[PDB]
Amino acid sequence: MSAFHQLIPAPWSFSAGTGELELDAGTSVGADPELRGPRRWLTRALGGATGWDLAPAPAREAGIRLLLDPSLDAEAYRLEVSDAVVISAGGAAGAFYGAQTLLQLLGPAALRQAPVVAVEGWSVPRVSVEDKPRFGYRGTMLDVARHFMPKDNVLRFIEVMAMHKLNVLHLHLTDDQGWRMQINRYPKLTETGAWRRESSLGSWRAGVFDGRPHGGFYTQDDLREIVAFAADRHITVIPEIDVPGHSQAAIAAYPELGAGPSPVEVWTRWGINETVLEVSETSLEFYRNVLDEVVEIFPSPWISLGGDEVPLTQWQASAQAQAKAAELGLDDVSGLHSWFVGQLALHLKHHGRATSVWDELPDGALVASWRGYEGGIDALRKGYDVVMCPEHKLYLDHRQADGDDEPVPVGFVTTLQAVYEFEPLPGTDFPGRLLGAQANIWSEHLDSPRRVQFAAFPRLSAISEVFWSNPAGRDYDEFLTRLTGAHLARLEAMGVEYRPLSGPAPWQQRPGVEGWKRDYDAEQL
């Protein structure tokens, strides 16, 4: 039983000792100054689950000790179970991840917000663990533009992320179908842009609508909170304001930003919009003002500008766009795209931030590559930093099985096993560096936080392992036994309603709602 553990993500090295150390209600928590942050989080989480005081004690003297070890990487930790619980780390984030591994060692009741057990004693099996992340950037994107997620649910989603040792949350805040961020200078962004009349029901290709208004937004205080909440859990929040395309919500609010039409209203359907920004000095000024407030709220070194999916139809037919391309000396009207994003990227640079985009900038530019290995290596050749999120691998809005029993089926079949066997560009030594990978959850069809949970899990659990663990020890069948054996119980304890392995629960189904089924091989030939 020496190599046996049920932890996910699996740690890099694990050894079991003999027996169990018992923790009573008197257990105290020590930490070195650098780790006081993680001490607070553990105290709050475990105190809630056990009803214990968990009062601080001098670090070397305590039941649970968090100790600084400068020879370890910052996100790396060592966990030792002895006469005491000793977690060594190179930094706060490391100590935090050690803490998570501890909670898993205590069992699922350690993840509840109030005690569900006796609390006379709990036991931690005696083990030695040594752990570090494989990738430094382990992401998830959350689309709150398509369906607004109430703040309570966002913080809960973030809590579940940290439990999987995911460090990046890419927050897609704006799109054709709504604008979620309150901007003080431009009140209509939320007043007008934060809601739509109705929503496509199923794929936009079925042309049916639900008659139900949808909307909401985060205030600046709400965003601050989310950022602070994530920071306590060592998650970086990268906001995205998507430009020049996916802009109809902003155009509805402030029509000057568009070409022209009857007044433009927040888009009620999915898919790609031919209606986009009119690129010009006024648009530019508008979005510099927006990015001024963004940068005040979000401390993140990257800020995402999107840049995906802009049809040139509007620009080609635009007397203004034509004029603009002449003034700049561009070859054609399509160069305005590169120009517009670059001007904003420059403004971000003025504020000390690198830019993040989906494709195609200053030095620290980060590309999120949804194309395959080729588009990825191509962006490295040019010196851009890369994170992989292939559309045919890592998109979690895509159906989890073949057939008609999955709710609103769209995209490729992307299964638990397929996702677990995924790789990021597997000696060319280029100027660009691979930061890591990210999973994207697009919200068109997920109209409640329950549906988002169904989409994200269990797959995101397997993905968290792909991002964190050692690729050498990878076997799907082995992973399953840990998933079903322990981890599903942890997800249940955290309030996450996932897709059961045998398929959707009857209340998770949505019959009569048309999806769009894609096949990756068919699209190649």
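A residue's number is simply how far along the shown sequence it sits, counting from 1.
The entry shows an unbroken chain from residue 431 to residue 432, with no unmodelled residues of the deposited sequence in between.
According to the record, 1 to 3 deposited residues between residue 426 and residue 427 are left without atomic coordinates. The mean Cα B-factor in the deposited entry runs higher for 467 to 475 than for the other of 467 to 475 and 490 to 498.
When 138 to 146 is weighed against 125 to 133, 125 to 133 comes out higher, by mean CA B-factor as recorded in the entry.
Based on the entry's C-alpha B-factors, the most elevated value among 389, 317, 118, 249 belongs to 118. Residue set 447, 198, 359, 159: peak C-alpha B-factor at 359 (per PDB entry).
When all modelled residues of the chain are sorted by CA temperature factor, residue 484 is found within the highest third.
In this PDB entry, residue 167 carries a Cα temperature factor that places it within the lowest third of its chain's modelled residues. Compared with the other modelled residues of the chain, the Cα B-factor recorded for residue 218 ranks in the lowest third. For residue 57, the recorded CA B-factor ranks within the highest third of the chain. Only modelled residues enter the ranking.
Sorting the modelled residues of the chain by their CA temperature factor places residue 188 in the middle third.
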